[PDB]
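Trainee: model the following, please.
(7 chains)
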Amino acid sequence: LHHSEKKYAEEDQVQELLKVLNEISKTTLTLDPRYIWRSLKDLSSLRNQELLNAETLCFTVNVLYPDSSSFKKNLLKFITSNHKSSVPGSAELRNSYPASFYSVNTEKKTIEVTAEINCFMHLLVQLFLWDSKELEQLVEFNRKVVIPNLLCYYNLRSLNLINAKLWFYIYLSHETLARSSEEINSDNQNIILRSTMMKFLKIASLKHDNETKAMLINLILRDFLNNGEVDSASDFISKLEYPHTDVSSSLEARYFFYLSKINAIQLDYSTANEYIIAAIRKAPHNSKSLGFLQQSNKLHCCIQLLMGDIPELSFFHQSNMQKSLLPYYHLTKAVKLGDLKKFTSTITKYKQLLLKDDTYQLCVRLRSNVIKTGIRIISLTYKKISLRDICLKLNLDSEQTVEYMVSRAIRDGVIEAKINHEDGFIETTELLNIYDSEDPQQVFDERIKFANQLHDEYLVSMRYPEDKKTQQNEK
Amino acid sequence: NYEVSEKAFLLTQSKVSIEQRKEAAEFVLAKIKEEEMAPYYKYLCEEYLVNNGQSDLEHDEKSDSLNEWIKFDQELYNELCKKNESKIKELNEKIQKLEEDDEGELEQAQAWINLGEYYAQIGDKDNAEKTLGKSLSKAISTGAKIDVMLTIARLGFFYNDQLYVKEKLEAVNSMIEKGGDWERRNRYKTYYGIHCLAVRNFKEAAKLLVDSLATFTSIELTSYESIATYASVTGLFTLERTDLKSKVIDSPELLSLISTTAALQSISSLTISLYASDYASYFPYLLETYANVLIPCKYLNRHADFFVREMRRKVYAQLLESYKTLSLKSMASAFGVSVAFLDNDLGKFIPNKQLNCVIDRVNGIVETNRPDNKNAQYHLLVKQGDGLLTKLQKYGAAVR
Amino acid sequence: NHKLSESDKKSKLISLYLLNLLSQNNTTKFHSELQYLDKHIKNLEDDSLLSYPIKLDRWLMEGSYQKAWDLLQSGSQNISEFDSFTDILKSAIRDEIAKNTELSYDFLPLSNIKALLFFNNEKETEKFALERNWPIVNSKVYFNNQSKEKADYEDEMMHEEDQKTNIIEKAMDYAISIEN
Amino acid sequence: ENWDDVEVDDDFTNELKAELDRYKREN
Amino acid sequence: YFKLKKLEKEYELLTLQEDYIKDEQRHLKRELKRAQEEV
Amino acid sequence: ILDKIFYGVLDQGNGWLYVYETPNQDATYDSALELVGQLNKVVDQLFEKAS
Amino acid sequence: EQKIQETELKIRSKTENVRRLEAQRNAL
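Mentor: Residues are numbered from 1 along each chain as shown, chains lettered A, B, ... in the order given. And now the structure:
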């Protein structure tokens, strides 16, 4: 019963291992194993539940263990292991074959098979940790191992894609440990974690690997947002070390999502508005990306309110996420209607929900935007309006208070009007007829560059699938 | 089933008179003794709540509002099982004998079609479309398919269900598209625009109503002048004032329609006053419009306040085109508004980009914003011009 | 992890660094420091000391300078600690309002200068009137609060107006390198 | 489509038409 | 290990040969468009 | 004026008159159909090619 | 081979750029 269970999953694990084993030996095929490793994460997660944990026990016995002797015992000690044929050397799948990692040449140390075996061994260990949700000592014990090993081992172009997915598990398992319980040893692990990301990023710069460097950047930018220090992130994004070539579909929208949050407190909404829009188009529409689309669309609606312009409220309805978008509808309604008491009572009840996404701090500053939008609505209606007519509609304090607030709207060129103190009315200075200026040419010059930018993208992509088929023989 | 649908429709919202719901309730109890209206009244309490929903004797035990006259007494309660035996036990046994004796084909199909009309008055909709499906396989020509599309259309008319009914209305024309005569070809497109009025697609669905109601009426459910109020209000609503002179004010059917009854007050009082550019007498005609037309009519009250926001901005927009600058004493001191009350109407229209107007708060000189040679060639070109790269890079940047 | 030292014990020390960033007119580091603290809705929002620069800048974002100026004068927090940056922030308020008076206000006497801008001693504005020639009678501005409008802007940044049509033509000539 | 749905309140017809009755009496 | 330093010079040769053809093809396609409009 | 017979705009406040040319637009059909005709078929070139 | 391996990407980069421009010339 239990004997046939261990041989079934181990044969499928070697079958998938031999596919990427022979491809990395000749030249560089690494593009092909990268596609296989994408599905390997999903196929292994479903397979870990079946046949219990015994699929990874005989896999270490098959190959040679450089560091992994005590790692499997320590990983299986917390679950109160039940020992069945636990003596090492029970299952031998090698039997002296070239693709089987021939033993005599391996035991005599005349050849080194540890490079591809050990780096792949750490991948299967991190998968069971996230599947079984093993925390506390098991998280810190594996961190003391992989990091010193990556410093001694020098990865080639194909080998840099192995640990690229391991850095995500180190940061993911660390954040779940801090939020679960607060202990004195929690931040001691984060200090070394923050210093380790900067040391390995220095080496990956010369490797020119797209997935390796881009995976760390999105993990480093998230750490800066938790501490709330832009000075570390400001110079970090100015170097432009983020590879734009191949992020696949995972890192497309993750990079632009951080720039929208950083520039939100920079008081520049021109560039931040484009980053949040590009994050929506680059993010997949599937169910696994719904967690990202939930937080991203909530940030886009908050940026528009900070710009002074009322966005489209139809997104709060036709979308299927409106259950979580209900608190944000009353915020825009209070800013549009200009009611002072409605905005104060709206943020009071939903303050608990705004604490999770940390958007309540931006909602406090929406108190000013209620007046910013209210002035824009009343100004467009009446070109010449009396000074006391504004205080009657918005129920303001006095005439000296509104005189200061209207002067704040034309600061950046929003309203573009003038205040006449002696005449007693505010007159709009916008005569339209802007076509006589150079403004139409300013937009058309970018459309030509944007059209040729899409041309330059299509300019050079054809031959990539044609390299394999034209070089190989065809019927 | 239009009598119980149109008269009892006042059970939704009536702010005018109390006897309006009382007088209309007499027709509900009068027509229910012949054919069973029970599934209609059960849905009235399940649609709108905390108004008339407490008038039903047995749904949940409640008593509220002004209406004790709508209910099922101990008579109709005993008649509930009497109508079920006649509409199910009596009819199904007669049709079952037809399948055993094998008499005719289309005659057996018309039996299930006629029987399917009773399920609309039963209130079980699973067997309503099932019996129509049995006659669907027996239907050969288009003669038997006429009553099929009518019974399916009643499912959304009788039960006020615009969700599952519109799928069956479109499934008949999509599977086999013929249409026969142009009369039925407009019928498949008419039922398409009916369920679109519930979601309020505005001029898309409403443009077909003025064409169909001015030519032919089904005459089985209602009369020609009873539902003519739907096209009278939506006639000037959807159509611009430029084409009202060659269509509405001069029409063979409409000009003869106003002489039938005085309950329209749209194609005559509102059309002539709007074409004459006189808003002094035009506005008081709107006082009897919403009360005596929009409220009693079904599909018109589905909009109600949705009419004015489009109409109130249009009536002043046509006046702004006839003068470069107007005067406040004409708007404030004469026709439709006072001085201070003017801020509520045009105040919310301009920030919505519905119209461009300027009002003076000192001298009282109204100013009109004219685009002149700009129009859509310069300003509006920039707005809709950005959609070129927006829709192209939306799904284009992700390749496949 | 937890707190072995004293910072939030005196909440003015954090605000002194916050108000010092406003002395250089730097909003980049100012708004970021509010996210650096641990409890935003507990110690930051409830305590008026940490909320002092927020409430001061709130009226600046709302646009009303009358209540914001009263925090530096009628307030009780400007006595000891904030006294160092009091007159500094008072100089920052007068460096903000009158920037907008250039285009909006065509003319105004000395009464609005003493009232709206809240100036105390006379002839001190004359010290601000020295170099760029302020016969206040109508509008002499552009000395204080940025600078003049100059004229003839050419060959600086991206596209210009008067002399060069070449860079304007360069957009039409940009397709030369794309097509070839 | 749905933006027009919620933004329309209970105002206008039931309200403004009641004001037009007393407006003509004051003139 | 001999091919490592031997192909090092070939790397610059393969780059220049592809650049020389890329520079000459711009002048070649100009005469191709002239013959199309001439017919 | 609203019937497109006499083209002009008046002044109610001062009792004046203004000059209004008969054409309200100059060759709009050019960019009118060039715009909306493009917005219809710009999406029509994608559909399932991205899936 | 630190410089040899680093400059190897320029070989595949310029090769894929010139071949895809030959198809346009071969079409002409």
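
Trainee: got a list of what residue A:187 touches?
Mentor: residue C:1 (C-beta atoms under 8 Å, 6 or more residues apart in numbering or on different chains). For every residue, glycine as well, the C-beta is placed using N, CA and C.

Trainee: now it: how far from residue A:174?
Mentor: Distance, residue A:187 to residue A:174, using C-beta to C-beta, to the nearest Å: 11 Å.

Trainee: which other helices and strands contact the host helix or strand of residue B:166?
Mentor: Assigned by DSSP states H and E, residue B:166 belongs to helix B:164-175. For helix B:164-175, the elements it packs on are helix B:146-158, helix B:182-198, judged by 3 or more C-beta pairs under 8 Å, 6 or more residues apart in numbering or on different chains; DSSP states H and E.

Trainee: just want the angle from the shortest one to helix B:164-175.
Mentor: It stands for helix B:146-158. 150 degrees (axes from the mean of the first three to the mean of the last three C-alpha atoms, to 10 degrees).

Trainee: how close does the residue in chain E that chain G sits nearest to sit to residue G:15?
Mentor: At 4.1 Å from chain G, residue E:18 is the closest residue in chain E, using C-beta to the nearest C-beta. Distance of residue E:18 to residue G:15, given as C-beta to C-beta: 7 Å.

Trainee: between the two, who's got more neighbours?
Mentor: When residue E:18 and residue G:15 are compared for neighbours, residue E:18 comes out ahead with 18 against 15, by other C-beta atoms under 10 Å in any protein chain shown.

Trainee: quickly find the element holding that one.
Mentor: helix E:2-38.

Trainee: does chain A have contacts with that helix?
Mentor: No. Figure legend: helix E:2-38 not in contact with chain A (C-beta under 8 Å from any C-beta of the partner chain); closest approach 11.8 Å.

Trainee: same for that helix, what does it pack against?
Mentor: Counting by 3+ C-beta pairs under 8 Å, 6+ apart, helix E:2-38 packs on helix G:2-6, helix G:8-27.

Trainee: just these: most buried one?
Mentor: Among those, helix G:8-27 has the highest mean neighbour count (mean count of other C-beta atoms under 10 Å in any protein chain shown), at a mean of 14.

Trainee: would you mind writing the CA trace of that helix as CSV?
Mentor: The C-alpha coordinates for helix G:8-27 follow below in CSV (Å, rounded to 0.1, in the frame of the first residue of the first chain):
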residue,chain,number,x,y,z
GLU,G,8,27.3,37.6,-25.8
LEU,G,9,23.9,39.2,-25.4
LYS,G,10,24.9,41.8,-28.0
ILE,G,11,25.3,38.9,-30.5
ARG,G,12,21.8,37.6,-30.2
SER,G,13,20.3,41.1,-29.9
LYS,G,14,21.8,42.5,-33.1
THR,G,15,21.3,39.2,-35.0
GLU,G,16,17.5,39.2,-34.3
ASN,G,17,17.3,42.9,-35.2
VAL,G,18,19.0,42.6,-38.6
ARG,G,19,17.3,39.4,-39.8
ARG,G,20,13.8,40.9,-39.2
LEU,G,21,14.8,43.9,-41.3
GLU,G,22,15.9,41.6,-44.1
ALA,G,23,12.3,40.3,-44.6
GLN,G,24,11.2,43.9,-45.4
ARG,G,25,14.0,44.3,-47.9
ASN,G,26,13.4,40.8,-49.3
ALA,G,27,9.7,41.8,-49.7
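
Trainee: relative to residue C:70, how far out is the residue of chain D found nearest chain F?
Mentor: The nearest approach of chain D to chain F comes at residue D:1, 18.1 Å away (C-beta to the nearest C-beta). Computed as C-beta to C-beta, the residue D:1 to residue C:70 distance reads 49 Å.

Trainee: cool, and residue G:12?
Mentor: 68 Å.

Trainee: the closest residue to residue B:373 other than its chain neighbours and residue F:1, how far apart?
Mentor: Among residues not flanking residue B:373 along the chain, residue F:26 sits closest, at 6.5 Å (C-beta to C-beta, 6 or more residues apart in numbering or on different chains). Distance, residue F:26 to residue F:1, using C-beta to C-beta: 20 Å.

Trainee: now do the buried residues in stretch A:344-359.
Mentor: By 16 or more other C-beta atoms under 10 Å in any protein chain shown, the buried positions in stretch A:344-359 come out as A:346-347, A:350, A:354, A:359.

Trainee: now, which of the residues you listed sits nearest chain E?
Mentor: residue A:359 (51.5 Å).

Trainee: so the nearest residue to that closest one once chain neighbours are set aside is in which element?
Mentor: Excluding its sequence neighbours, the residue lying closest to residue A:359 (C-beta to C-beta, 6+ apart) is residue A:302, at 5.9 Å. Per DSSP H and E, residue A:302 falls inside helix A:290-307.

Trainee: now that helix, how far from the chain's geometric center?
Mentor: On the basis of C-alpha atoms, centre = their mean, to the nearest Å, helix A:290-307 sits 15 Å off its chain's mean C-alpha point.

Trainee: you'd agree residue C:81 is up against residue C:11?
Mentor: No. Assessed by C-beta atoms under 8 Å, residue C:81 is found out of contact with residue C:11, at 10.3 Å.

Trainee: do you know how far the closest residue to residue A:100 other than its chain neighbours is from residue A:105?
Mentor: Distances taken as C-beta to C-beta, 6+ apart place residue A:94 nearest to residue A:100, at 4.5 Å, with adjacent residues excluded. Look at residue A:94 and residue A:105: by C-beta to C-beta, they are 11 Å apart.

Trainee: in chain D, which spans are helices?
Mentor: All helices of chain D, identified by DSSP state H, fall at D:2-7, D:13-26.

Trainee: make CSV out of those and add mean neighbour count and distance to chain E.
Mentor: Below are the helices of chain D laid out as CSV (neighbours: other C-beta atoms under 10 Å in any protein chain shown; distance: least, C-beta to the nearest C-beta, whole Å):
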stretch, mean neighbour count, distance to chain E
helix D:2-7, 14, 52
helix D:13-26, 13, 68
